[PDB]
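This document contains two forms of one protein chain, each encoded as structure tokens and listed individually as structure 1 and structure 2.
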Structure 1
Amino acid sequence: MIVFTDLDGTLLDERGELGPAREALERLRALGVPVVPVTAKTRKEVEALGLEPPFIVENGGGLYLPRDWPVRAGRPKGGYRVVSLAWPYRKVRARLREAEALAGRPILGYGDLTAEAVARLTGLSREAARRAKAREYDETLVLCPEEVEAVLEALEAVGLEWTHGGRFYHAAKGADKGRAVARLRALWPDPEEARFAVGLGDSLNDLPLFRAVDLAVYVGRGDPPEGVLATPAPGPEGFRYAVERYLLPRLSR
């Protein structure tokens, strides 16, 4: 079994804390179950949470592996080897400029905003916003509701793909949590361990995640995507419930 999990609103709360999920995560580790973050966050953000590779960043845009991963792939970067799946940021920002001209109105993203503004909009510290701005593949957009559809089609018009991370729309191309997961499983050292995958998420950008796993669990608010398991409570309480009710009993085998 491998557990692929979203971070904010799934494994972490609004404080960015594990809360009730901490005990659940410790139990999975005690049982030798790999837990792989699959997140909209940048590498810098993931590193700041103290998370170790392997992990998936920017909605599936990049797959980070330990420098010494048994199965060769990617490019050496310090204590990392990196695999790229989606288009590069500065190029995405280029299609956005094209979409802007098509839509006849500004389309703003994190790239257009100062760290101070990003911090204000997200409630992060300035340092944390600097990390959130350090994007390699995916752009986080700051759209107003009425233009949303207008902008989204304009995005779709110029061949960009969009998703929604729970609070913000994102623009990218080739960045897909399900695609990233599929690739990581294909690159797993122990094919037997990767044979059964679990996916936990809370937002639209986790739909691809759910479709790439064998047991999907939705811990978001409202109704879960079709066929996906739900939990009585959202977020970390959901994570904990999912581990206790759904995962632990299967591992007793």
Structure 2
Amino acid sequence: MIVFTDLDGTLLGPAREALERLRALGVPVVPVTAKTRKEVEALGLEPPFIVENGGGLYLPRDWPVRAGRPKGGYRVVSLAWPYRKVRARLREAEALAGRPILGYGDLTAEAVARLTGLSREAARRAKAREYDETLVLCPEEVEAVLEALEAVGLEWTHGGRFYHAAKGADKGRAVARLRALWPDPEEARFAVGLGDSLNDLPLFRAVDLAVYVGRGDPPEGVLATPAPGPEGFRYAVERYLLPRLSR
């Protein structure tokens, strides 16, 4: 069993207790996040993990299955275009749109902090992007901007506050690739995906047991918990996962 957790909104107690339960019991937990590697590292989370909405898969340096290429103390499997290429295509899209398209790459850490309510240091880590660009769009211009993005070969998502631009960043494909990189085929045969967002659909579709712990309404065919948030996660571990170890 492998547990994929796309719980940015949710995992930041009895939730950490639940996580620790899984870990102490040898069950792999793989963070899947919109965050950058720098942000993930600041949380103290160890690889393997999936960053920037499936843009990149980070593996321990000594992962037994060889893949990707060394970057820092990791081996990274890049599934999406690199940030520099997205940024270059964005310049083209801006030219098409005939108006400014601004992203985090254009903004100071101080500006990003002010806009997000993050500290300056957390803003710097949010700015350390490898695949995906966060956009700061005029609501009235969204329609025209999104068409320009498509015109130049870019893909877009909406993360809750801001639109994003990338190419080939998909949580589902990243989840599928990691399972296909797993040292123990048997352990990976059954995957659970826990998510809180309707934009966790690609994740849910790539796992065998999908559970939504978000505050919205659960995607059809996606098991849900009585309560959202940490309690949702705790409940899912206690009710759906831990019991399986008695088998």
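In this text, rigid core is short for the largest set of C-alphas that superpose within 1.5 Å between two forms. Please note that residue numbering is based on structure 1, beginning with 1 at the start of its sequence.
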Discussion item. How about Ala150 - superposed on the rigid core, does its CA move between structure 1 and structure 2 by 2 Å or more?
Written reply: yes
Worksheet item: Relative to the superposed rigid core, does the CA atom of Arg179 travel 2 Å or more between structure 1 and structure 2?
Response: no
Discussion item. Treating the chain as two rigid parts, how far in degrees does the smaller one rotate relative to the larger between structure 1 and structure 2?
Written reply: 11
Response to the item:
Cα of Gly104, core superposed, displaced between structure 1 and structure 2 by (Å) 3.9
Worksheet item: After superposing on the rigid core, how many Å does the CA of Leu124 move between structure 1 and structure 2?
Response: 1.2
Worksheet item: Once both forms share the same rigid core frame, by what distance in Å has the CA of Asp223 shifted between structure 1 and structure 2?
Response: 0.8
